[PDB]
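Before any comments, here is the structure.
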Amino acid sequence: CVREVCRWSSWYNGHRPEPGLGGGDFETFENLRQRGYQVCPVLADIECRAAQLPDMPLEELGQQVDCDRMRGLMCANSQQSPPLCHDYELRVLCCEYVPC
Amino acid sequence: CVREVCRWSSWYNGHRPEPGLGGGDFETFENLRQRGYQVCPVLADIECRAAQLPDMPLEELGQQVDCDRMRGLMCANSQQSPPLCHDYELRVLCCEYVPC
Amino acid sequence: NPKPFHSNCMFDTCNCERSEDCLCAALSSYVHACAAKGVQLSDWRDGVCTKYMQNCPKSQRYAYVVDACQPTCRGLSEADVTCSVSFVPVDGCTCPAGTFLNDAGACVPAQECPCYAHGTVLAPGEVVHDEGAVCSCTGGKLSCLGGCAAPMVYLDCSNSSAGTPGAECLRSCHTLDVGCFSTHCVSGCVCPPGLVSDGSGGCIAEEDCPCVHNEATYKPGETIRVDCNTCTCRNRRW
Amino acid sequence: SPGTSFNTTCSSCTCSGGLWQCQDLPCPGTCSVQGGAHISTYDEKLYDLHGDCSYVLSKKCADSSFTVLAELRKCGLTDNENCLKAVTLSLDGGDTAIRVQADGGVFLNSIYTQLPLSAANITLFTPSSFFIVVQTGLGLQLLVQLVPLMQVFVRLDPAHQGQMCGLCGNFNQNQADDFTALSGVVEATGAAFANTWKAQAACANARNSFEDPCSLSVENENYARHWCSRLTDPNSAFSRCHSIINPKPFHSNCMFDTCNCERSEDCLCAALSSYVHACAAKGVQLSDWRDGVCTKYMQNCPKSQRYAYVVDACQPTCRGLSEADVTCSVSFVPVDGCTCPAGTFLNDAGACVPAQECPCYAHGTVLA
Amino acid sequence: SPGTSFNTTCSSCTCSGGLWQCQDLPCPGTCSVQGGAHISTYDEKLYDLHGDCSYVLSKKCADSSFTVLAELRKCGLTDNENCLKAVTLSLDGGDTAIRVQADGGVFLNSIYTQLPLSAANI
Ligand SMILES: *[C@@H]1O[C@H](CO)[C@@H](O)[C@H](O)[C@H]1NC(C)=O
Ligand SMILES: *[C@@H]1O[C@H](CO)[C@@H](O)[C@H](O)[C@H]1NC(C)=O
Ligand SMILES: *[C@@H]1O[C@H](CO)[C@@H](O)[C@H](O)[C@H]1NC(C)=O
Ligand SMILES: *[C@@H]1O[C@H](CO)[C@@H](O)[C@H](O)[C@H]1NC(C)=O
Ligand SMILES: [Ca+2]
Ligand SMILES: [Ca+2]
Ligand SMILES: [Ca+2]
């Protein structure tokens, strides 16, 4: 017998977005690995949230930020009016197996 | 080592509320024990709901129901207008301690 | 003529960052303009823009022709002023036909949804006592009672649009004046127009309604003494 | 010393001529329904109403400008066990209907509408978790209590004096005319008067109640006595209002409620809250009166909020401090309840964070 | 064949006299802003507008009965990458405001309002 054990991981705020037109917040899995953050190759869900505002969901922000569970979180300054992004971070759900 | 392992229970609808004034639903832990439903001596939290309306929460109903972790669920006909109750049920949470 | 629409699609997609978004927006715009002119384009998303099918909220499904009202359970209970608006049929995600969304937002069939009386939730398939009347929440519609003999004839709310003043809002020796309030029509025997009821199943003209004073009831032509003066009951007044 | 003056909430009197020379400041009238059964009208003619129907609580009976309706519903085995269940402000001759239920749900034209809402000069908002304010420009303000149970309070700009009809009486500074019906005679008792103002002809007429529920249970007796006696105790927190408002009707209300109420604590604390709120309407800030009583209403607050005894303004919000708010331009009697503490604000998420954690909003954009 | 008629959504034409006798049924006009840049007016004059401001989309200019406003914002590196970002129906000379944002949030007098709502005939 083997049972599933899932668990959230903590917050990974790995960048401060830069003001300008080409700056933004690019929290990518490979960049997280390069910076030393442990990123599980296998996952089910991730969750994004603005780092400075941890209460309102991403949608209520209304900014063009795309998170995908396979690739990460992106915010580019140009897509948003005002031509700036917020500060964001995400967490990953890592799951493994433990013998019964 | 010893770690707490906890999980929810299933839904327990042991009665169908009766029309009239004294009628209603009386889902009590003592009745659950008597009827043969498994009742954990220790618990953390329990959840009540209407069995026939599995979406809209208790407070959205607006009816007078008292539902507590120590006793269970009670809806009395005479306290509502019209003097009736809905068909409710509830579930409990059981936690034990398993060696690591 | 689709040439301006093609120019729009070209410009958008070649310029759009999520060029799929602007492409599907331009195609949707052409479809909607055509539906405005009176053409029903359907099944136009073959192998294209299907991520807008899949992203639907749970319990909802895409629909190519949403030509009117969103079917709500509250509305089938107590009508809806929202839902009498003529708009050009747009597309989008909606509850499937014959099903309704409850106040929780989930989609359930009619049988799973309560009937709302006075805004009070009443589970389906339940008979309740209210105002000396016996009512039931059958499949989302509320039907209550409590084919006549005396001049007052039956009135049924099944044909009338939801919200009409039913037998509960019966022109009566008291409610003729105050004006009745009720969000739920009830079927029952009601006097023919030009009269009211005595409250006991009869029909009486509006100029002979008995006057009520201090739990009593007095027929017109009766007099009472209040303090040092005497009143007489005429036309529902003293 | 002659030359001095003292102004009450309703009038100002100067010590002169060897007497008190009293003029009146204009006073908004105040109706209320407390305990689901008791009614204090604009003429302050307190009376009990054990009915089960929708009653026209108040109405400017010249026109149909506004019509406050209250649905009182029987809540137990006894015919005299009632609870208020809704407050349906009809308006514009029925064109609009704001229906505040007993759970707190607010229905705008029979559609759910969260709070606040500001439209057609009508402003709906919760000063605290216990009360809902329905402020209109037509003159009347509704202040509805949900915790511990459902009570209603109505305020009128004194301009409507001697014009209204309905349960709350015609507001003409005369207690003998309050039972004027539509037939031109003063009705005898409460229920006989109310049964002329029922909304639906199919309702059952209210009945006069002599049997005190207090006589039933000796434990109910001692419980209600030992708690409701906190009203008339001259050393109690309530004593500060004794020299202004006679607490005998409020003590009778507390007795009758607690004895008759299945949830004795709920009706008891409703009575004490009613006394406090009436006194604070007269202009006394009764505080810290819940010693060893009604504390389960301290604790049950929503998380990140806290109790407050003097809530005398709007609710401090991040949106409001960012871009002002129509809400905070309404004057209402200082009610108590659960609110965020000072120096904190609730964001659109509703959680209570300090000013540093909540964002400025430009054009509706969350600007961190 | 002669005697036949066909009605478009905007007009009805009868085949007679060897010609089409056409009368005009009432037609509600239709402006639109599509792609965030292109505008189809009421007279069907399609034209593109690459702007960064709030523009008075339509207004009965004799008075201020209503004023449908559109805010168009630049969305990219280039100055011609625009998106519609709000629709602010200003009403009663600005006394009432219904602001539909881009994510679906609807604001009645800058207060979040869930849908549906029904008040002031709106
Ligand atoms: C009421 O009297 C006090 C004491 O004289 C005074 O300070 C206050 O201004 C008065 N209120 C008025 C004038 O509104
Ligand atoms: C207030 O009421 C007046 C009169 O009915 C109405 O014209 C107006 O639109 C309402 N709202 C405001 C903000 O004045
Ligand atoms: C449009 O033409 C058809 C075909 O003659 C006819 O049946 C229909 O009634 C017409 N629509 C009208 C008259 O509104
Ligand atoms: C609709 O508009 C009229 C005209 O100003 C106004 O008097 C009324 O209050 C509005 N609402 C309704 C429900 O009629
Ligand atoms: Ca970052
Ligand atoms: Ca049950
Ligand atoms: Ca009076």
Order of E:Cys53, E:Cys22 under a 10 Å beta carbon neighbour criterion, fewest first: E:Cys53, E:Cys22
Return an integer: the convex hull volume of the alpha-carbon atoms of segment D:121-197, in Å³ per residue. 115 Å³
Mind putting a number on the dipole of segment D:1-138 about its Cα centre? Charges go on the C-beta only, +1 for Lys and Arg and -1 for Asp and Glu, and I need it in Debye to the nearest 20. 140 debye
Restricted to Cα positions, what overall size does segment D:158-225 have along the principal axes? Three whole-Å values, descending. 47, 32, 18
What residue among D:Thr14, D:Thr232, D:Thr295 shows peak mean-square fluctuation when chain D is described by a Gaussian network model with Cα springs under 10 Å? D:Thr14
Positive dipole terminus of segment C:1-130, leading residue within C:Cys69, C:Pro114, C:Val88 (C-beta point charges): C:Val88
Can you work out D for segment D:240-309 in µm² s⁻¹ from Stokes-Einstein, where Rh is the Kirkwood radius over C-alpha pairs, the temperature is 25 °C and the viscosity is 0.890 mPa s? 187 µm²/s
Taking Cα atoms only, Rg over Rh for chain C with Rh from the Kirkwood formula is 1.23
Enter the mean projected area of the convex hull around the alpha-carbon atoms of the protein assembly as shown, in nm², rounded to one decimal. 54.8 nm²
In the structure displayed, which of D:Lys45/D:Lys198; C:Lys141/D:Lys85; C:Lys219/D:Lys60; D:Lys85/D:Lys296; E:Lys45/E:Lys85; C:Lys37/E:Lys45 lie more than 26 Å apart, Cα to Cα? C:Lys219/D:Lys60
Where Rh is the Kirkwood radius over Cα pairs, Rg/Rh for segment C:143-225: 1.02
Pop out the ³J(HN,Hα) list for segment D:230-235 in order, Karplus 6.51 cos²θ - 1.76 cosθ + 1.60 with θ = phi - 60°, rounded to Hz; leave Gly and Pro as x. 4, 5, 7, 6, x, 8
Order these by the 10 Å Cβ neighbour count, fewest first: C:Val178, C:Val186. C:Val178, C:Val186
Under the definition of partner shielding as Cβ atoms of other protein chains within 10 Å of a residue Cβ, what is the mean value for peptide C:168-174? 4
Cα-based convex hull, chain D, per residue volume (Å³, whole number): 174 Å³
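Averaging sequence separations of C-alpha pairs under 8 Å and six or more residues apart, then dividing by the length of chain D, give the relative contact order as a whole percent.
14 percent
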Just checking chain C: which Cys have no other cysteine's beta-carbon under 4.7 Å? C:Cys9, C:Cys14, C:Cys34, C:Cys228, C:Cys231
Within 10 Å of each Cβ of E:103-110, how many other protein chain Cβ atoms are there on average? 4
At 37 °C and 0.692 mPa s, grab the translational diffusion coefficient of segment D:61-123 from Stokes-Einstein with a Kirkwood Rh over Cα pairs, rounded to a whole number in µm² per second. 252 µm²/s
With r defined as the distance between the Cβ atoms of A:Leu43 and D:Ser331 and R0 fixed at 60 Å, what FRET efficiency is calculated, to the nearest 0.05? 0.65
Which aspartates and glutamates does D:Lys303 reach when only Cα atoms under 18 Å apart count, and residues fewer than 8 places away in its own chain are ignored? A:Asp55, B:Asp45, B:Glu59, D:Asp336, D:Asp348, D:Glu357
Binned at 10 Å starting from 0, the alpha-carbon pair-distance distribution of chain A in whole percents comes out as 15, 44, 27, 9, 3, 1
By count of other Cβ within 10 Å, fewest leading, how are C:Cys49, D:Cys358, A:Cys1, D:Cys241 ordered? A:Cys1, C:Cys49, D:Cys241, D:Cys358
Run lengths n ≥ 4 of DSSP H only: what is the helix-derived mean residue ellipticity at 222 nm for the protein assembly as shown, with -39500 (n - 2.57) per run over all residues, to the nearest 500? -3500 deg cm²/dmol
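In debye, nearest 20: dipole of the protein assembly as shown around its Cα centre with unit charges on the Cβ of K, R (+) and D, E (-)?
Approximately 340 debye in magnitude.
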So, in nm, how far is label C:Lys37 from label B:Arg69 when the simple model puts each one 7 Å beyond its Cα toward the Cβ? 6.6 nm
What the Cα atoms of segment A:5-64 span along the principal axes, largest first and in whole Å, is 40, 27, 17
Measure off 7 Å from each Cα along the Cα-to-Cβ vector at D:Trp20 and E:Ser16, then give the distance between these two points in nanometres to one decimal. 9.0 nm
Quick one: if the Förster radius is 51 Å, what FRET efficiency do A:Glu30 and E:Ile122 give, using the C-beta to C-beta distance and rounding to 0.05? 0.50
With r defined as the distance between the Cβ atoms of C:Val226 and C:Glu206 and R0 fixed at 30 Å, what FRET efficiency is calculated, to the nearest 0.05? 0.75
Taking a virtual spin label 7 Å from the Cα of D:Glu219 along the C-beta vector, which residues in segment D:254-292 bring their backbone nitrogen under 18 Å of it? D:258-268
With the 8 Å Cα cutoff and a minimum separation of six or more residues, segment E:64-122 has a relative contact order in percent of 24 percent
Backbone HN-Hα couplings from phi across segment E:76-85 [Karplus 6.51/-1.76/1.60, Hz, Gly and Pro as x]: x, 4, 8, 6, 10, 10, 10, 9, 4, 10
State the answer as a single residue: which of D:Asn222, D:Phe210, D:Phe250 lies farthest towards the positive end of the charge dipole of segment D:189-274, with beta carbon charges of +1 for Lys and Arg and -1 for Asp and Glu, about the Cα centre. D:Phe250
State the three equivalent ellipsoid semi-axes of segment D:2-83, derived from the C-alpha gyration tensor as the square roots of 5 times its eigenvalues, in descending order and whole Å. 39, 17, 8
Most fluctuating residue given options D:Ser243, D:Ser274, D:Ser32, as computed from a GNM of chain D linking Cα atoms under 10 Å: D:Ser243
Between C:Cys14 and C:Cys69, what is the label-to-label distance in nm when each label sits 7 Å out along the Cα-to-Cβ direction? 4.8 nm
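We did not get these values from a lab; they are worked out from the coordinates using the rules stated. Every residue, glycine as well, gets a Cβ built from its backbone with ideal geometry; the counts of neighbours run over all protein chains shown.
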